[PDB]
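Shown here: model.txt, compact mmCIF, C-alpha atoms.
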```
# COMPACT_ATOMS: atom_id res chain seq x y z
CA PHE A 1 -69.36 107.56 37.13
CA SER A 2 -68.54 109.70 34.09
CA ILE A 3 -65.45 111.42 32.74
CA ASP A 4 -65.80 114.45 30.52
CA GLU A 5 -63.21 116.35 28.52
CA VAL A 6 -62.27 119.84 29.70
CA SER A 7 -59.62 122.35 28.65
CA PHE A 8 -56.52 123.20 30.73
CA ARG A 9 -58.21 126.62 31.20
CA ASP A 10 -60.90 124.78 33.18
CA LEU A 11 -58.45 123.50 35.82
CA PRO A 12 -58.57 126.08 38.60
CA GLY A 13 -55.07 127.19 39.55
CA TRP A 14 -53.40 125.15 36.75
CA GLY A 15 -51.51 128.24 35.63
CA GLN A 16 -50.04 128.71 39.10
CA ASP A 17 -48.89 125.10 39.69
CA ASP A 18 -45.24 124.03 39.42
CA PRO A 19 -45.27 120.27 38.53
CA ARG A 20 -41.47 119.94 38.08
CA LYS A 21 -41.14 117.26 40.80
CA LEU A 22 -43.33 114.96 38.67
CA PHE A 23 -40.58 114.52 36.10
CA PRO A 24 -38.18 112.54 38.26
CA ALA A 25 -41.19 110.58 39.58
CA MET A 26 -42.28 109.78 35.98
CA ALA A 27 -38.68 108.62 35.30
CA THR A 28 -38.88 106.20 38.26
CA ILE A 29 -42.20 104.80 36.92
CA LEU A 30 -40.68 104.34 33.45
CA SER A 31 -37.61 102.57 34.88
CA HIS A 32 -39.90 100.33 36.92
CA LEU A 33 -42.16 99.45 33.94
CA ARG A 34 -39.08 98.60 31.84
CA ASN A 35 -38.01 95.98 34.39
CA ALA A 36 -41.14 94.71 36.11
CA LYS A 37 -44.63 93.42 35.30
CA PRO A 38 -46.96 96.14 34.01
CA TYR A 39 -49.47 97.86 36.30
CA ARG A 40 -53.02 96.46 36.34
CA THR A 41 -55.32 98.33 33.97
CA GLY A 42 -57.94 100.14 36.05
CA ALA A 43 -61.65 99.72 35.27
CA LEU A 44 -61.45 103.20 33.71
CA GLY A 45 -59.35 101.46 31.06
CA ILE A 46 -55.99 103.19 30.66
CA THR A 47 -53.27 100.58 30.12
CA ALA A 48 -49.71 100.68 31.45
CA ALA A 49 -48.56 100.61 27.79
CA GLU A 50 -50.60 103.79 27.10
CA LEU A 51 -49.02 105.43 30.16
CA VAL A 52 -45.55 104.44 28.88
CA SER A 53 -46.17 106.50 25.75
CA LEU A 54 -46.49 109.64 27.96
CA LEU A 55 -43.53 108.65 30.14
CA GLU A 56 -41.32 108.23 27.08
CA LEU A 57 -42.23 111.70 25.83
CA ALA A 58 -41.20 113.09 29.22
CA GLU A 59 -37.92 111.13 29.01
CA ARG A 60 -37.18 112.71 25.60
CA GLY A 61 -37.93 116.26 26.68
CA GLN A 62 -36.12 118.89 28.67
CA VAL A 63 -38.08 120.86 31.22
CA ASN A 64 -36.35 123.83 32.86
CA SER A 65 -39.14 126.06 34.29
CA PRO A 66 -42.65 125.71 35.79
CA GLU A 67 -44.01 126.95 32.44
CA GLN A 68 -42.11 124.32 30.43
CA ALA A 69 -43.34 121.65 32.89
CA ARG A 70 -47.02 122.66 32.49
CA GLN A 71 -46.52 122.90 28.70
CA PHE A 72 -45.34 119.32 28.58
CA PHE A 73 -48.74 118.18 29.91
CA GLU A 74 -50.74 120.61 27.73
CA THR A 75 -49.02 119.23 24.62
CA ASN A 76 -49.02 115.54 25.53
CA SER A 77 -52.15 114.87 27.59
CA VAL A 78 -55.88 115.66 27.64
CA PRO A 79 -57.72 116.52 30.91
CA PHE A 80 -61.08 115.02 31.92
CA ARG A 81 -63.25 115.91 34.93
CA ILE A 82 -64.17 112.81 36.92
CA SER A 83 -67.81 112.96 38.11
CA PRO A 84 -68.84 110.35 40.75
CA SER A 85 -68.15 115.64 44.40
CA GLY A 86 -64.72 114.07 44.94
CA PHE A 87 -63.14 113.77 48.37
CA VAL A 88 -59.59 113.84 49.77
CA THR A 89 -57.99 112.67 52.96
CA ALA A 90 -54.24 112.49 53.64
CA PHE A 91 -51.56 110.04 54.76
CA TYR A 92 -47.87 110.23 55.70
CA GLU A 93 -44.84 108.10 56.61
CA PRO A 94 -44.54 108.17 60.40
CA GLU A 95 -41.33 108.09 62.31
CA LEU A 96 -41.59 105.29 64.90
CA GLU A 97 -39.25 104.78 67.86
CA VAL A 98 -38.08 101.18 68.16
CA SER A 99 -35.52 98.90 69.73
CA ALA A 100 -33.65 95.88 68.40
CA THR A 101 -34.11 94.25 71.81
CA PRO A 102 -37.42 93.56 73.56
CA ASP A 103 -38.15 94.40 77.19
CA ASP A 104 -40.96 95.69 79.38
CA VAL A 105 -40.93 99.01 77.47
CA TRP A 106 -40.07 97.87 73.89
CA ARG A 107 -42.76 95.24 73.82
CA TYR A 108 -44.71 95.53 70.57
CA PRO A 109 -43.14 93.55 67.74
CA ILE A 110 -43.11 94.63 64.10
CA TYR A 111 -43.24 91.51 61.90
CA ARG A 112 -41.90 90.49 58.49
CA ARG A 113 -44.08 88.27 56.32
CA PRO A 114 -44.38 84.72 57.79
CA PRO A 115 -43.43 82.02 55.23
CA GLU A 116 -46.86 80.34 55.71
CA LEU A 117 -48.71 83.50 54.65
CA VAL A 118 -49.33 82.56 51.02
CA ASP A 119 -50.93 84.46 48.15
CA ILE A 120 -54.28 83.02 47.10
CA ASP A 121 -55.55 82.43 43.57
CA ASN A 122 -57.43 79.74 41.62
CA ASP A 123 -54.55 77.24 41.95
CA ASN A 124 -54.72 77.07 45.76
CA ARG A 125 -58.05 78.56 46.96
CA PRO A 126 -59.79 75.92 49.05
CA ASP A 127 -63.44 75.01 48.54
CA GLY A 128 -65.63 77.58 50.33
CA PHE A 129 -62.81 80.12 50.91
CA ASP A 130 -63.92 83.76 50.71
CA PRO A 131 -62.92 84.76 47.14
CA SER A 132 -62.16 88.33 48.30
CA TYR A 133 -59.20 87.04 50.42
CA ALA A 134 -55.77 87.59 48.78
CA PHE A 135 -53.82 85.76 51.53
CA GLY A 136 -54.19 82.60 53.57
CA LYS A 137 -52.30 80.30 55.92
CA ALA A 138 -50.55 77.28 54.36
CA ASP A 139 -50.68 74.31 56.74
CA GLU A 140 -50.57 70.47 56.62
CA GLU A 141 -54.35 70.54 56.08
CA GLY A 142 -54.17 72.70 52.94
CA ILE A 143 -55.04 76.39 53.32
CA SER A 144 -56.92 78.11 56.14
CA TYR A 145 -57.58 81.72 57.24
CA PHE A 146 -54.54 83.49 58.73
CA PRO A 147 -54.95 84.65 62.38
CA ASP A 148 -56.35 88.20 62.88
CA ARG A 149 -54.80 91.27 64.53
CA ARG A 150 -55.99 90.16 67.99
CA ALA A 151 -54.47 86.68 67.71
CA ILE A 152 -51.16 88.17 66.48
CA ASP A 153 -51.12 90.83 69.25
CA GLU A 154 -51.80 88.00 71.78
CA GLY A 155 -48.62 86.22 70.61
CA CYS A 156 -49.24 83.57 67.93
CA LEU A 157 -46.06 84.54 65.97
CA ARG A 158 -43.62 84.75 68.91
CA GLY A 159 -40.30 82.91 69.05
CA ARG A 160 -39.85 82.52 65.30
CA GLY A 161 -37.35 85.28 64.54
CA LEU A 162 -39.93 87.22 62.52
CA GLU A 163 -39.48 90.58 64.26
CA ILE A 164 -37.90 93.55 62.45
CA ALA A 165 -37.89 95.59 65.71
CA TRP A 166 -40.01 96.34 68.82
CA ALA A 167 -42.05 99.52 69.33
CA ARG A 168 -43.03 101.02 72.73
CA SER A 169 -46.40 102.45 71.64
CA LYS A 170 -49.19 100.14 70.42
CA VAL A 171 -51.19 103.09 69.09
CA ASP A 172 -48.25 104.58 67.18
CA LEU A 173 -47.60 101.14 65.65
CA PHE A 174 -51.30 100.76 64.78
CA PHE A 175 -51.18 104.03 62.84
CA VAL A 176 -48.06 102.77 61.00
CA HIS A 177 -50.17 99.75 59.87
CA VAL A 178 -52.79 102.25 58.63
CA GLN A 179 -50.28 104.42 56.73
CA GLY A 180 -48.48 101.31 55.33
CA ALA A 181 -44.89 102.53 55.89
CA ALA A 182 -42.62 104.05 58.52
CA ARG A 183 -39.16 105.32 59.30
CA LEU A 184 -37.96 103.27 62.29
CA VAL A 185 -35.54 105.16 64.60
CA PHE A 186 -33.45 103.11 67.03
CA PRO A 187 -31.90 104.32 70.35
CA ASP A 188 -28.44 104.55 68.72
CA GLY A 189 -29.82 106.79 65.94
CA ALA A 190 -29.96 104.08 63.25
CA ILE A 191 -32.84 104.44 60.78
CA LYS A 192 -34.57 101.58 58.92
CA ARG A 193 -37.41 102.17 56.49
CA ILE A 194 -40.24 99.61 56.35
CA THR A 195 -43.13 99.34 53.90
CA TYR A 196 -46.14 97.07 53.29
CA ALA A 197 -45.23 93.51 52.19
CA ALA A 198 -48.41 91.52 52.84
CA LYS A 199 -51.37 91.28 55.21
CA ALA A 200 -53.29 88.66 57.18
CA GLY A 201 -56.11 88.88 54.54
CA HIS A 202 -59.00 90.23 56.64
CA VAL A 203 -60.90 93.35 55.65
CA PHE A 204 -59.72 96.70 56.99
CA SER A 205 -62.12 98.31 59.54
CA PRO A 206 -61.68 102.02 60.29
CA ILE A 207 -61.57 102.74 64.04
CA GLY A 208 -62.68 106.36 63.47
CA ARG A 209 -66.04 105.11 62.22
CA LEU A 210 -66.35 102.73 65.18
CA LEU A 211 -65.79 105.62 67.56
CA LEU A 212 -68.29 107.87 65.71
CA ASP A 213 -70.89 105.07 65.61
CA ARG A 214 -70.49 104.55 69.37
CA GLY A 215 -70.86 108.34 69.97
CA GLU A 216 -67.29 108.65 71.36
CA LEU A 217 -66.16 111.39 69.00
CA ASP A 218 -67.80 114.40 67.33
CA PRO A 219 -68.17 114.03 63.53
CA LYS A 220 -67.56 117.79 63.18
CA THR A 221 -64.07 117.55 64.68
CA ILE A 222 -62.88 113.99 64.09
CA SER A 223 -59.22 113.80 62.96
CA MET A 224 -56.18 111.54 63.49
CA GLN A 225 -55.39 113.83 66.44
CA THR A 226 -58.77 113.43 68.21
CA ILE A 227 -58.74 109.66 67.63
CA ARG A 228 -55.26 109.42 69.17
CA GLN A 229 -56.40 111.63 72.11
CA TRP A 230 -59.44 109.37 72.74
CA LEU A 231 -57.19 106.32 72.71
CA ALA A 232 -54.65 108.03 75.03
CA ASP A 233 -57.56 108.80 77.43
CA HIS A 234 -58.91 105.23 77.38
CA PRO A 235 -55.98 102.81 77.81
CA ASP A 236 -58.16 99.99 79.16
CA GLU A 237 -60.42 100.17 76.06
CA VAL A 238 -57.65 100.47 73.44
CA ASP A 239 -57.27 96.75 72.57
CA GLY A 240 -61.02 96.26 71.97
CA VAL A 241 -61.07 99.17 69.57
CA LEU A 242 -57.83 98.35 67.68
CA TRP A 243 -58.87 94.69 67.37
CA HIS A 244 -62.08 95.74 65.55
CA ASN A 245 -59.60 96.14 62.68
CA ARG A 246 -58.92 92.46 62.04
CA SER A 247 -56.51 93.26 59.18
CA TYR A 248 -52.81 93.12 60.16
CA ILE A 249 -49.94 94.48 58.06
CA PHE A 250 -46.60 92.69 57.58
CA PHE A 251 -43.60 94.75 56.50
CA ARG A 252 -40.27 94.48 54.70
CA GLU A 253 -37.22 96.74 54.97
CA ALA A 254 -36.84 99.10 52.01
CA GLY A 255 -40.62 108.94 50.26
CA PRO A 256 -41.45 105.33 51.03
CA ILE A 257 -41.96 102.75 48.24
CA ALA A 258 -45.69 102.02 47.88
CA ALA A 259 -48.17 100.22 45.64
CA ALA A 260 -46.82 101.66 42.35
CA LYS A 261 -43.40 100.28 43.42
CA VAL A 262 -41.67 103.71 43.30
CA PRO A 263 -40.84 106.26 46.07
CA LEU A 264 -43.65 108.61 47.02
CA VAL A 265 -43.10 112.37 46.68
CA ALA A 266 -44.33 114.60 49.52
CA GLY A 267 -47.28 116.71 48.41
CA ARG A 268 -47.33 115.20 44.90
CA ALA A 269 -48.28 111.52 45.33
CA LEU A 270 -51.94 110.51 45.52
CA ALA A 271 -53.39 107.16 46.58
CA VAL A 272 -56.37 106.14 44.45
CA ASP A 273 -58.88 103.31 44.07
CA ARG A 274 -56.88 100.36 42.68
CA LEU A 275 -59.92 98.79 40.99
CA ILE A 276 -60.85 101.92 39.07
CA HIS A 277 -57.55 103.65 38.28
CA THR A 278 -54.21 102.76 36.73
CA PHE A 279 -51.09 103.77 38.72
CA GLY A 280 -48.77 106.43 37.33
CA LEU A 281 -51.41 108.65 35.72
CA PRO A 282 -51.48 112.39 36.52
CA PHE A 283 -54.44 113.80 38.45
CA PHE A 284 -55.10 117.51 38.96
CA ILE A 285 -56.78 117.92 42.35
CA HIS A 286 -58.69 121.08 43.26
CA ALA A 287 -59.76 121.30 46.92
CA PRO A 288 -60.46 124.96 47.62
CA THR A 289 -61.52 124.41 51.29
CA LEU A 290 -58.12 122.75 51.89
CA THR A 291 -55.74 125.56 52.77
CA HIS A 292 -53.27 124.27 55.35
CA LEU A 293 -51.06 122.48 52.79
CA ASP A 294 -50.55 125.73 50.84
CA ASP A 295 -49.98 128.27 53.66
CA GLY A 296 -53.60 129.52 53.55
CA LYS A 297 -54.06 129.25 49.76
CA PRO A 298 -56.42 126.71 48.11
CA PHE A 299 -55.04 123.26 47.23
CA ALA A 300 -54.77 123.00 43.44
CA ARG A 301 -51.97 120.84 42.06
CA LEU A 302 -51.02 118.11 39.63
CA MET A 303 -50.20 114.81 41.31
CA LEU A 304 -49.38 111.25 40.30
CA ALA A 305 -51.35 108.17 41.36
CA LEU A 306 -48.61 106.28 43.17
CA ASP A 307 -50.41 104.31 45.91
CA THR A 308 -53.69 102.74 47.00
CA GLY A 309 -55.40 101.95 50.32
CA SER A 310 -58.34 99.89 51.58
CA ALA A 311 -60.16 103.05 52.67
CA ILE A 312 -59.75 104.64 49.20
CA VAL A 313 -62.86 103.63 47.29
CA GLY A 314 -64.52 105.53 44.47
CA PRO A 315 -63.56 107.16 41.15
CA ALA A 316 -62.99 110.58 42.74
CA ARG A 317 -61.55 109.49 46.10
CA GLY A 318 -57.91 110.18 47.04
CA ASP A 319 -55.38 110.17 49.83
CA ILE A 320 -52.76 112.95 49.59
CA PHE A 321 -49.25 111.98 50.68
CA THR A 322 -47.97 114.81 52.92
CA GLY A 323 -44.46 113.50 53.59
CA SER A 324 -42.50 111.86 56.37
CA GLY A 325 -42.29 112.43 60.14
CA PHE A 326 -44.13 114.42 62.78
CA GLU A 327 -45.12 117.63 61.02
CA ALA A 328 -46.20 115.69 57.93
CA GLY A 329 -48.49 113.69 60.24
CA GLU A 330 -49.94 116.78 61.86
CA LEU A 331 -50.73 118.16 58.39
CA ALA A 332 -52.28 114.93 57.18
CA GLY A 333 -54.38 114.31 60.31
CA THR A 334 -57.03 116.94 59.57
CA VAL A 335 -57.38 116.56 55.76
CA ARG A 336 -60.98 115.67 55.04
CA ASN A 337 -62.13 117.88 52.17
CA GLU A 338 -64.32 118.05 49.09
CA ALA A 339 -62.32 118.04 45.86
CA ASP A 340 -62.71 118.10 42.09
CA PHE A 341 -60.65 115.35 40.36
CA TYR A 342 -59.33 115.79 36.79
CA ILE A 343 -57.34 112.96 35.17
CA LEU A 344 -54.80 113.69 32.43
CA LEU A 345 -54.92 111.00 29.74
CA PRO A 346 -52.06 110.33 27.32
CA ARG A 347 -53.30 111.81 24.06
CA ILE A 348 -53.47 108.50 22.09
CA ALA A 349 -55.59 106.93 24.86
CA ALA A 350 -57.76 110.02 25.20
CA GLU A 351 -59.54 109.66 21.84
CA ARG A 352 -61.84 106.81 22.86
CA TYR A 353 -63.02 108.85 25.88
CA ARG A 354 -63.75 111.87 23.65
```
For the file at hand, write its structure as structure tokens.
Amino acid sequence: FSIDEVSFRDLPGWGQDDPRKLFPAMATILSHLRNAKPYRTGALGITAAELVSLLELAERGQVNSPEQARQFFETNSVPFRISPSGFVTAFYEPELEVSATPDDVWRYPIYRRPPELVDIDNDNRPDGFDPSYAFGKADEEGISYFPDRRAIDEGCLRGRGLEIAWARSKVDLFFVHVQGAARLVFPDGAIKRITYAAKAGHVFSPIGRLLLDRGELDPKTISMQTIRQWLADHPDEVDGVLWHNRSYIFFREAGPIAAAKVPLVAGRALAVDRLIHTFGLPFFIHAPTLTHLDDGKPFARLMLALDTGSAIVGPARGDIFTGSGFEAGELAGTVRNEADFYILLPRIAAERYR
């Protein structure tokens, strides 16, 4: 792919965007980077230290209007069009009904990370282990592959006190694995937030593609909503389809915290390809066919790269965070739109790309 310098005049709708919510988000990133290991430098090449230079300028400033907010970026960053067109989908934090006590209704456990689910690197990777696996099972025999979604759903983790709570819908819980976070609501009104902690290690397989490939759904209409309808209409076939996704997500109690280790901001956080991009950088996203997140107007806004996902692959691929709960989910479920991606580089970093 290529990235090419443009002017802020070239960013359609830039002049009409109000990026004020990015300033508290940038403050959370700066706080994090001052007390944690730095973000991985993306293949594009912007370092966390280069990002910090922009974050520190924001810290020093005072923004008190949409115009002052835009001016901050115009003064302190340089925009570049990313050329692979780009493509956006959306994600959200679902609300999931749960119980602290299992029974015939509340039957689907939500698990914390098992102590035998170890990170893998050179120090412990066994001979012949798939070098793409980031997790494995520590046993007496060394390290082996961790069980897959099917084996876990069939009960291999039971009776160990690993459950956070029990859900009553396997499909709703599946979609929580896909989103990577949830707000758990208990029958007494208590709320617990959970977010990704680790995973079994297996590749993610999208069930939407499985259903399209099998001719079960129409590619012209496919959405979260039609996938959920198909699954609701085929209860006896649900396990076979869900278990095609061998990946299984383990959670911890904690917008939700995500891969950039800071809370997401509804409508302003973007998930990006973790190999290519560095977290925390601003992206201006222009998706003129996407109108239902702007009350009929085209989507054109500055966002921060604050998460990643297995399905998010490519230099101009993104997942827009729509927020938390039911309506956020309805909004997210149909996002599937062409988009132009522009990255804003801190001005010291920008020179080598010019």
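Between CA of residue 227 in chain A and CA of residue 323 in chain A lies a distance of 20.4 Å.
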Open item on the list: Can you pull out the residues contacting range 325-333 of chain A? Cut-off 9 Å, using only C-alpha atoms, and skip same-chain residues under 6 positions away; I want them as a count of residues only.
Closed with: 16
Open item on the list: For a quick check of understanding, using all atoms listed in the file, which of A:146, A:80, A:321, A:248 has the smallest distance to residue 11 in chain A?
Closed with: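 Checking each of A:146, A:80, A:321, A:248 against residue 11 in chain A, counting all atoms listed in the file, the winner is A:80.
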Task: Coordinates-based distance that separates CA of residue 334 in chain A from CA of residue 213 in chain A (Å, one decimal) - done: 19.2 Å
Open item on the list: Rounded to one decimal, what separation in Å do you get between CA of residue 254 in chain A and CA of residue 189 in chain A?
Closed with: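 So the answer is 17.4 Å.
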- [ ] Take the point (-56.6, 125.3, 45.2) as written in the file and pick out every residue within 6 Å of it, counting only C-alpha atoms; give the list as a ChimeraX atom specification.
- [x] /A:286-288,298-300
